[PDB]
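Protein chains: 2
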Amino acid sequence: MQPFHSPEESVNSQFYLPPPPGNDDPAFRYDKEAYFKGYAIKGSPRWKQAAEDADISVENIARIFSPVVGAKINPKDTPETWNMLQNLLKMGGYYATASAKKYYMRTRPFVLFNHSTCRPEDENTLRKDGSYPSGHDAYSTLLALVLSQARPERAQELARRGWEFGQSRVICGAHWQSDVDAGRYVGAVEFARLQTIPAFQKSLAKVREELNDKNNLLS
Amino acid sequence: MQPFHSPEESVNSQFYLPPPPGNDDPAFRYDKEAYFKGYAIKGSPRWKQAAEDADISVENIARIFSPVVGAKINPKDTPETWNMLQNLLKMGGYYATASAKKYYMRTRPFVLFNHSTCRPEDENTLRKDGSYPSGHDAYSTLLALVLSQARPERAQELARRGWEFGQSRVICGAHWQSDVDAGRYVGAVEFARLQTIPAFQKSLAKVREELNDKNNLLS
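Chains A and B, in that order, are what the protein sequence lines are. Our numbering runs 6 ahead of the 1-based position in the first sequence. Our numbering runs 6 ahead of the 1-based position in the second sequence.
This is the structure:
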């Protein structure tokens, strides 16, 4: 599997995004209220939901989205969809966010307040990485849009799932609300950039075939 | 020109959007703070810029986006681009937001605080219409993405301009910050849905020609 494009062929997120809020901004006051709101329900089911949502491995991504698109997603039955899930992680999670991330190097909520997140295993990786904008949310957003393109029949369920991911990220404590909001817009910009890349069109054509194949449909 | 699709073929926004922030919500406290901050600069340059962004007439939209996409947009030199701008106002401004707007009928900020907006000539219409999600922002986002598909080398400028429109809407006082965020996402969801419609693809192919035509280029 070969990347749809290079880091330099992402749209420069540092150019189009506004800077992140300072501790004096009303948007930061919202950021921290939303953080403590999420932290207040530690241990609960919704919190456990958020730990499940928070894993960005392709296996987890597949298990979450499969019931949503209404088709099997696994390396055997849907090999191209499986590659597409991973290709879009690199494109949307890393390439699309990278220059704004590195520019601002925004400090994560859990580090600032000395708490643990809903997913302690990932914490040390996340410390080294600028919060803003959220690459996780750029990724889950791009994913929802591509899958909506391949399976328009399930667009409304895909868009709902795409929104809910953001609520999970805020609850898990590794992103601020404002990271999530900027991440969503980044995911749409990358989605638009992918439409003009022939390799992406070629792979989407096969994904559409896999997910609409009667043999792959659920239930 | 004829509509890319029917009202039924937009994704049901009532299904995938959350309810708007209510009386006690932190997001709502943020909505008010961002409203106050915007009215407090009544009369400034920024307020005059916002007044100009607020006009969604095709003539004004074309004037704004022209320098940004780097080509002339007018009925004579770019007839399909002209139709495309009108089609997307219907698709994105109206069809894509309709079920959520009707369902919630959210009161606008200027009404809740007994004020004027930055564009009083439009206040009569806007009064009739629910705030959430923002159709003006769904539209201006859809437009920015679609033009990015046509001239991908101007994608960073178009992405920036698309963000700035949102900031103008919050300042003008006809929409809450949370309407604007929800409208951006709606515009992306409609953008994905349009990718699946042949009439849109045919029309985009002509737009791409018009806008990269040497006779129409511009700086």
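In this text, a Cβ means the ideal position worked out from N, Cα and C, and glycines have one as well.
Cβ neighbour criterion (16 or more within 10 Å) applied to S12 (chain A): Answer is exposed; the Cβ neighbour count stays below 16.
Contact between the stretch 109 to 119 of chain A and the stretch 79 to 88 of chain A (3+ Cβ pairs under 8 Å): Contact between the stretch 109 to 119 of chain A and the stretch 79 to 88 of chain A is absent, because fewer than three Cβ pairs lie under 8 Å.
Inter-stretch contact (C-beta, 8 Å, three-pair minimum) for the stretch 193 to 203 of chain B and the stretch 158 to 171 of chain A: Yes, the stretch 193 to 203 of chain B is in contact with the stretch 158 to 171 of chain A.
Strand pairing of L223 (chain A), partner residues [DSSP]: Looking at the DSSP assignment, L223 (chain A) forms a beta bridge with A:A77.
Limits of the unbroken alpha helix (DSSP H) element including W169 (chain A): Here the alpha helix (DSSP H) through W169 (chain A) covers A161 to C178.
Endpoints, alpha helix (DSSP H) assigned at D37 (chain A): It spans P32 to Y45 - the alpha helix (DSSP H) in which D37 (chain A) sits, taken as one unbroken run.
Start-to-end residues for the alpha helix (DSSP H) that takes in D143 (chain A): Run containing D143 (chain A): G141 to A156, per the alpha helix (DSSP H) assignment.
Supposed close pair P25 (chain A), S184 (chain A) - CB separation, criterion 8 Å: About 11 Å separates the beta carbon of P25 (chain A) from that of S184 (chain A), a gap too long to meet the 8 Å contact definition.
Exposure label - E65 (chain B); buried when at least 16 CB within 10 Å: The residue in question, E65 (chain B), is exposed, as its Cβ has fewer than 16 Cβ neighbours within 10 Å.
Alpha carbon of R167 (chain A) to alpha carbon of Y22 (chain B), nearest angstrom: Straight-line Cα distance between these residues: approximately 8 Å.
7 Å CB neighbourhood of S225 (chain B) in its chain, flanking five on each side removed: If we look at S225 (chain B) and ignore the five residues flanking it on each side, its Cβ neighbours are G76.
DSSP state of residue 226 (chain A) mapped onto helix, strand, coil: Outside the shown range of chain A (7 to 225) lies residue 226 (chain A), about which nothing can therefore be said.
Cβ shell of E129 (chain A) (< 8 Å), same chain only, five flanking positions each side left out: The beta carbon of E129 (chain A) sits closer than 8 Å to the beta carbons of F116, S122, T123 and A180 from its chain, once the five residues preceding and following it are set aside; these are given in chain order.
CB contact flag (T147 (chain A), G99 (chain A), <8 Å): If you check the CB distance, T147 (chain A) and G99 (chain A) do not come in under 8 Å.
Short CB-CB distance (under 8 Å) between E159 (chain A) and chain B: No, because no Cβ of chain B sits closer than 8 Å to the Cβ of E159 (chain A).
DSSP three-state assignment for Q201 (chain B), whether helix, strand or coil: If DSSP states are grouped into helix, strand and coil, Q201 (chain B) belongs with coil.
Integer Cβ distance of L95 (chain B) from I62 (chain B), believed to fall under 8 Å: Confirmed, Cβ separation roughly 7 Å.
Neighbouring residues, chain B, relative to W169 (chain A) (Cβ below 8 Å): Simply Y22, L23, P24 and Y191.
Assumed close pair residue 294 (chain B), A144 (chain B) - CB separation to whole angstroms, cut-off 8 Å: The question about residue 294 (chain B) has no answer, for chain B in this structure spans 7 to 225.
Close-in-space but distant-in-sequence residues of the same chain around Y45 (chain B) (CB under 7 Å, 5 per side omitted): Taken in chain order, the residues that qualify are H121 and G179.
Straight-line Cα distance separating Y41 (chain B) from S174 (chain A): Rounded to whole angstroms, the separation of the alpha carbons of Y41 (chain B) and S174 (chain A) is 27 Å.
Spatial neighbours of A156 (chain A) in its chain, beta-carbon cut-off 7 Å, leaving aside the 5 residues before and after: Cβ neighbours of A156 (chain A) beyond the five flanking positions: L210, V213, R214 and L217.
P139 (chain A) burial status per 10 Å Cβ neighbour count (16 or more: buried): Per the 10 Å Cβ criterion, buried.
Closest by C-alpha distance to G172 (chain B), when choosing among A:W182, A:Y191 and A:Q20: Scanning A:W182, A:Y191 and A:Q20 for the CA closest to the CA of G172 (chain B) turns up A:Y191.
Opening and closing residue of the alpha helix (DSSP H) in which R112 (chain B) lies: Unbroken run through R112 (chain B): none, as it is neither H nor E.
Selected residue, minimal CA-CA separation from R133 (chain B), among B:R114, B:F119, B:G141 and B:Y101: When C-alpha distances from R133 (chain B) are compared across B:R114, B:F119, B:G141 and B:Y101, the shortest belongs to B:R114.
Other residues of its chain near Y36 (chain A): CB distance less than 7 Å, five sequence neighbours each side excluded: Around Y36 (chain A): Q183.
CA-to-CA distance, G49 (chain A) to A60 (chain A), given in whole angstroms: Going from the Cα of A60 (chain A) to the Cα of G49 (chain A) covers about 15 Å.
Within 8 Å, strictly: CB atoms of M97 (chain A) and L223 (chain A): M97 (chain A) places its beta carbon 8 Å or farther from that of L223 (chain A).
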